[PDB]
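Engineer: need a 3D model of the sequence below.
(one chain, ligands or ions: 2)
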Amino acid sequence: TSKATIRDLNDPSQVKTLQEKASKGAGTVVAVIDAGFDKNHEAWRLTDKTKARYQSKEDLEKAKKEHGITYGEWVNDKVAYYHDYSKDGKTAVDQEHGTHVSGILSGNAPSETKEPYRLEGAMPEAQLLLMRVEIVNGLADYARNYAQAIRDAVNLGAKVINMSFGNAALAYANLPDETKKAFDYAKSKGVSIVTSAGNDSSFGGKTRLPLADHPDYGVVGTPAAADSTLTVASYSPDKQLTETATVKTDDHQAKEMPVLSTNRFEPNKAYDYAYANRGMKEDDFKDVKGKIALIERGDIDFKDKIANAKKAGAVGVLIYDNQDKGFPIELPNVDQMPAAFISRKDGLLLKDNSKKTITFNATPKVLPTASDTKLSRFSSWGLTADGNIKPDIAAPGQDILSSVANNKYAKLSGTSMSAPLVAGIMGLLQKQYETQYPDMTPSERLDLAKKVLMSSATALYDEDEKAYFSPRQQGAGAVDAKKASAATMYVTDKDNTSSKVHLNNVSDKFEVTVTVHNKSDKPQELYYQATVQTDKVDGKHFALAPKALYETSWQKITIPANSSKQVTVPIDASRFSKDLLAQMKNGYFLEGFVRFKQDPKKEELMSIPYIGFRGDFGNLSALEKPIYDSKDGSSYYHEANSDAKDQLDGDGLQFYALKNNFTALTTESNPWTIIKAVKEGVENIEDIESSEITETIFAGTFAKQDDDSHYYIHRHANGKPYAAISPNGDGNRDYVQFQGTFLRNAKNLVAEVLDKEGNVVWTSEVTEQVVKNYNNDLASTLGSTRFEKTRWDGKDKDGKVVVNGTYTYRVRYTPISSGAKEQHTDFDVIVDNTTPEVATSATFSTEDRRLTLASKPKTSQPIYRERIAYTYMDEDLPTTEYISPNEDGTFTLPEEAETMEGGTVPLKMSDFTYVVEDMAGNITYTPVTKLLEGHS
Ligand SMILES: [Ca+2]
Ligand code: NA
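Structural biologist: Residues are numbered from 1 along each chain as shown. Ligands and ions are numbered 1, 2, ... in the order given. Take a look at the structure below.
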């Protein structure tokens, strides 16, 4: 029995055509640098080991000796080398991702596989060098480790190195020099390095849209940002080999639909199903018992919808999209529950179908995708931190079936899956070129291969928008191995360095110059046109969709044999500026593709992207304005309480900092009971000595005298936040520290204090590298960052507390863009260490229980709170509550306190304490019994 391969049934990138020309990798070596692998998978095999570069452990050891490599080992005929460059890591090794990526590149499953179709990667007959690397310490360390892996791969003979991993938003400039040299080393040896773009979409993440005011929303990081690598974005072709389910529709006709299942349904079993809305309430499931629950996506998590269906006795789950032309989403495994994701159209078909019975088939088949040809929502957008164009090209990355741990298979989505496909195509094209262009050096063939793959890639078109997807999302287009293998021409920028044109900043009128290279022995004539486009905007947000402005007229060019010729396309978008600026006030991209054809009526032959920015890109604001300045109290990652726009509670007892992610200043509130306990040397305080807590809060915020559980922003008459500190070491409002939501990466972040008299009296340590807060999720990065180096303790550069007064706490930082001006954000900060002068005696009226103080408080800063606290035992815990003064200045003392259990506890005069605090946090606390004894 000989099984067909998945590629035999579906080959969106036309890899077979290139293989017809360049074979399947026999005799070649390729490397994968990832997080771990199943080195024993059945997919790791060669049809004829006699043709391999390394025919034995001895052949391998010989190569190792030649290069002085004294580690790593031969595994089997397919995996000629394996080394873990991150063994110091205590955590376990994940084998799924690396195995899956490697499978797409070089899997070669035998017919004895349990699968219906054999996994046969792009270069199934090549040997693999598998290198494990993982972050175990810092990122610089990590980069030095994968740098050695790259170098070892090159020396061990790899022709391509796939790196389907990365860290969002990092700048290439910050990588260790040894890492930069390793990329250059591979390039100098003609070894292609392919990187995944990332799955972070744009600033804000896959669940949000970035703001139109802030155009630098790219999140591609490293290693992708390295210019020498070929970075791959992910898209979905218009058809996919998918598992399916069959249903009978009204017409009495059978209808097949794609399904993406987690866990397994009983094949060929007719199941009954019931609609259950968005599966939020039990009511919804009032009929799913013993049937499959059909649930619409939205509102709540997939896991919840699934758990709820299980509760109601459902035997399986069908979740249909709430988006039109969406993508299949891998549903969570909630305690083995069979759960399948289907398109909205298919879900709606099931929803209103007479015979509510469905069957799952065992044989997968190719069916159209609900998305049609479309870039993946998760694919990372460029530009890179220093403004270079990435990604470079796109490849299929949705629900790709490949090898996983323990000799199994599974579908995974990600640019991680797109990359190895391109890596294999690059390897085969390089092999083809060893025959086609034998007189070039390995480096020259590599350069040619990358240019041809990018030029021949087909620019994808957004049908809904009537425009090509932005080059910042798809790079030079979707890879096509057939077009690449057939190509005898390619297109580059005027300097012949890359198949993309970066114009940096532009006015409404600019020129796009392209060089067409002809490697044929005959002159060739082409027609070319340029699309002119920008970002589509919906309200205050970028839609992450293209907006066509116009397309130029087709012009012609004849390129002599074995030569090149430049063409220049004049662009003028002056007529759109008024409307575009109204939408994108700080500037917008003017970009597109210069497309080439043999005839205007024929298909696109080549396309090269160009990108310019109508504005001053390098100087776009790097920091989101302070939350205090927001008119409606909201920010990108923080929604206000419309009912109270000035409410701004602090950290409370939260464990993670998912809330309140915005730019502001932090400080700490230390209640008098804790200040007292610390001054007295009490060691165990929390939940023992007091019921109050030390809380990290935002500077400029204050609680009301009658606690309501909230803090509110207070501002000077001028509108600035009333930030004030009392640097006296009691932990109560002793300092201010910068917290920022960075919209763009930055460098050399430093805080300084001006005395508003012309002098800088203090300067913090510098935070050299700042990464934009591209999401607000524990799985990637939080929406804001607290910079401990900027903490100011109210002391000057000589180490002494500055005199009472108002100062400017200035935070400076510079964008990464070449030549950007330093930017800064300022906050007025008051320093006042004046202790309140308060009554030293009092008298008490037993009749009405009113306490009258001998005098009123005198404070430098306005009074914040003046209260009488009472601490009573509630299950052995000294619990404190407060009393605000009467309008005549006296305080009415209660005779008892109510406990949580609902009981009562008598209060003694010794339970009361007079506490006075000013707006800088200066405070006094005197036992009421002491005031009463305050008489001679
Ligand atoms: Ca203080
Ligand atoms: Na292209």
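Engineer: every contact and neighbour count from this point should use C-alpha atoms.
Structural biologist: Will do.
Engineer: tell me, how many residues neighbour the residue nearest to residue 198 when sequence neighbours are not counted?
Structural biologist: Spatial nearest neighbour of residue 198, excluding adjacent residues (Cα to Cα, 6 or more residues apart in numbering): residue 380 at 5.0 Å. Neighbour count of residue 380, defined by other Cα atoms under 10 Å: 34.
Engineer: what of residue 258?
Structural biologist: The burial count for residue 258: 26, using other Cα under 10 Å.
Engineer: from what I can see it touches residue 345, true?
Structural biologist: No: assessed by Cα atoms under 8 Å, residue 258 is found out of contact with residue 345, at 11.2 Å.
Engineer: what residue in the stretch 301-450 of the chain comes nearest to ligand 2?
Structural biologist: residue 393 (7.8 Å; Cα to the ion).
Engineer: and that residue, how far is that from ligand 1?
Structural biologist: 57 Å (Cα to the ion, to the nearest Å).
Engineer: bridging residues for that residue?
Structural biologist: residue 232 (DSSP bridges).
Engineer: got a list of what it touches?
Structural biologist: 230, 231, 232, 233, 454, 457, 474, 475, 476, 477, 478, 479 (Cα atoms under 8 Å, 6 or more residues apart in numbering).
Engineer: quick one: these as JSON lines, columns for distance to ligand 1 and neighbour count too.
Structural biologist: As requested, the contacts of residue 393 are exported to JSON lines (distance: Cα to the ion, whole Å; neighbours: other Cα atoms under 10 Å):
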{"residue": "230", "distance to ligand 1": "55", "neighbour count": "27"}
{"residue": "231", "distance to ligand 1": "52", "neighbour count": "30"}
{"residue": "232", "distance to ligand 1": "54", "neighbour count": "39"}
{"residue": "233", "distance to ligand 1": "53", "neighbour count": "35"}
{"residue": "454", "distance to ligand 1": "62", "neighbour count": "32"}
{"residue": "457", "distance to ligand 1": "64", "neighbour count": "29"}
{"residue": "474", "distance to ligand 1": "54", "neighbour count": "32"}
{"residue": "475", "distance to ligand 1": "55", "neighbour count": "30"}
{"residue": "476", "distance to ligand 1": "58", "neighbour count": "33"}
{"residue": "477", "distance to ligand 1": "60", "neighbour count": "33"}
{"residue": "478", "distance to ligand 1": "61", "neighbour count": "29"}
{"residue": "479", "distance to ligand 1": "63", "neighbour count": "29"}
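Engineer: and those as JSON lines, adding distance to residue 155 and secondary structure?
Structural biologist: As requested, these are exported to JSON lines (distance: Cα to Cα, whole Å; DSSP: H, G, I helix; E, B strand; the rest coil):
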{"residue": "230", "distance to residue 155": "20", "secondary structure": "strand"}
{"residue": "231", "distance to residue 155": "23", "secondary structure": "strand"}
{"residue": "232", "distance to residue 155": "25", "secondary structure": "strand"}
{"residue": "233", "distance to residue 155": "28", "secondary structure": "strand"}
{"residue": "454", "distance to residue 155": "27", "secondary structure": "helix"}
{"residue": "457", "distance to residue 155": "30", "secondary structure": "coil"}
{"residue": "474", "distance to residue 155": "32", "secondary structure": "helix"}
{"residue": "475", "distance to residue 155": "30", "secondary structure": "coil"}
{"residue": "476", "distance to residue 155": "30", "secondary structure": "coil"}
{"residue": "477", "distance to residue 155": "32", "secondary structure": "coil"}
{"residue": "478", "distance to residue 155": "31", "secondary structure": "strand"}
{"residue": "479", "distance to residue 155": "28", "secondary structure": "coil"}
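Engineer: got a markdown table for these, with distance to residue 20 too?
Structural biologist: Formatted as a markdown table, the contacts of residue 393 follow (distance: Cα to Cα, whole Å):
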| residue | distance to residue 20 |
| --- | --- |
| 230 | 24 |
| 231 | 26 |
| 232 | 24 |
| 233 | 26 |
| 454 | 21 |
| 457 | 19 |
| 474 | 27 |
| 475 | 27 |
| 476 | 25 |
| 477 | 23 |
| 478 | 20 |
| 479 | 17 |
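Engineer: also near ligand 2: which of these, exactly?
Structural biologist: Contacts with ligand 2 within those, counted by Cα under 5 Å from the ion: 454, 457, 476, 477.
Engineer: any idea how far residue 905 is from the second one?
Structural biologist: When distances are taken as Cα to Cα, to the nearest Å, residue 457 and residue 905 turn out to be 79 Å apart.
Engineer: which bits of the stretch 351-500 of the chain sit near ligand 2?
Structural biologist: 454, 455, 456, 457, 476, 477.
Engineer: for ligand 2, what's the nearest residue on the stretch 701-850 of the chain?
Structural biologist: Closest point on the stretch 701-850 of the chain to ligand 2, by Cα to the ion, is residue 817, at 26.6 Å.
Engineer: surely that residue meets residue 620?
Structural biologist: No: judged on Cα under 8 Å, residue 817 makes no contact with residue 620 at a distance of 9.6 Å.
Engineer: now the residue nearest to residue 41 when sequence neighbours are not counted: phi and psi?
Structural biologist: Distances taken as Cα to Cα, 6+ apart place residue 407 nearest to residue 41, at 4.8 Å, with adjacent residues excluded. Dihedral pair for residue 407: phi 60, psi 30, per degrees, to the nearest 10.
Engineer: and residue 407, what does it touch?
Structural biologist: So residue 407 contacts 38, 40, 41, 42 (Cα under 8 Å, 6+ apart).
Engineer: measure it to residue 82 for me?
Structural biologist: Distance from residue 407 to residue 82, by Cα to Cα: 18 Å.
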